[PDB]
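In: Using only what follows, build the 3D model:
(chains A and B)
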Amino acid sequence: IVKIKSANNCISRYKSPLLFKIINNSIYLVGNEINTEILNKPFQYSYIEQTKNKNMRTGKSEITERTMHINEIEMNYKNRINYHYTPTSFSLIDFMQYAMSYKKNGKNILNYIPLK
RNA sequence: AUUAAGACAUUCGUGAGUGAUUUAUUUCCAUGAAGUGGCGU
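Out: Numbering: from 1, shown residues only, chains lettered A, B, ... in the order given. Coordinates below:
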């Protein structure tokens, strides 16, 4: 189990920028630009081992929590470009156009493009 | 023994009768029980 948490208590949640609109049995994928506040933000990872054991024949429950392995940490590695930081440059329109144009003998996400 | 003597400004009398601390005034305005899956590449 990898627990993800903001390095400082500044980011707690993020709604999916994409919105799915189902009208008259038709699927519409819509979206504005993402919230730029999440870009270039630090994130902290806490690894935890959970070994679901055999039932104790009395509770049949889980107490398999008291394990945690200490792996290596790479904070500020490569001048704060590592798996603790967000890509600091992203446009939802560009990625959405890149998707549903990726294909092999046919385009994967079978949606045509009425975009504004 | 002298134009003198005698004489309570006194008796009766409730500061009382009628009189709502009352007329009027919204414990309201704001806010998503909501965010998110992942491994099985």
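
In: buried set for the longest helix along chain A?
Out: As assigned by DSSP state H, the longest helix anywhere in chain A is helix A:92-98. Using 16 or more other CB atoms under 10 Å as the test for burial, helix A:92-98 gives residue A:96. Yep, even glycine has a C-beta here, placed from its N, CA and C like the rest.

In: Pull it out as PDB, backbone CA atoms only.
Out: The C-alpha trace of helix A:92-98 is given here as PDB (Å, rounded to 0.1, in the frame of the first residue of the first chain):
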ATOM      1  CA  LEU A  92      -6.000  19.300 -21.300                       C
ATOM      2  CA  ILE A  93      -6.900  20.200 -24.900                       C
ATOM      3  CA  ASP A  94      -3.600  19.000 -26.300                       C
ATOM      4  CA  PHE A  95      -3.700  15.700 -24.500                       C
ATOM      5  CA  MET A  96      -7.400  15.200 -25.300                       C
ATOM      6  CA  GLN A  97      -6.600  15.800 -29.000                       C
ATOM      7  CA  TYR A  98      -3.600  13.400 -28.700                       C
END
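
In: can you tell if that helix touches RNA strand B?
Out: No: applying CB under 7 Å from any atom of the strand, one finds that helix A:92-98 is not in contact with RNA strand B, the shortest distance being 13.8 Å.

In: Which residues does that helix contact?
Out: Residues outside helix A:92-98 that contact it (CB atoms under 8 Å, 6 or more residues apart in numbering): A:17-18, A:29, A:31-34, A:113, A:115.

In: Go again with 10 Å.
Out: By CB atoms under 10 Å, 6 or more residues apart in numbering, the surrounding residues in contact with helix A:92-98 are A:17-18, A:29-34, A:91, A:111, A:113, A:115-116.

In: contacting residues for the one residue in chain A that gets nearest to RNA strand B?
Out: When you check chain A against RNA strand B by CB to the nearest atom of the strand, the closest residue turns out to be residue A:16, at 3.5 Å. Residue A:16 makes contacts with A:31, A:34, as judged by CB under 10 Å, 6+ apart.
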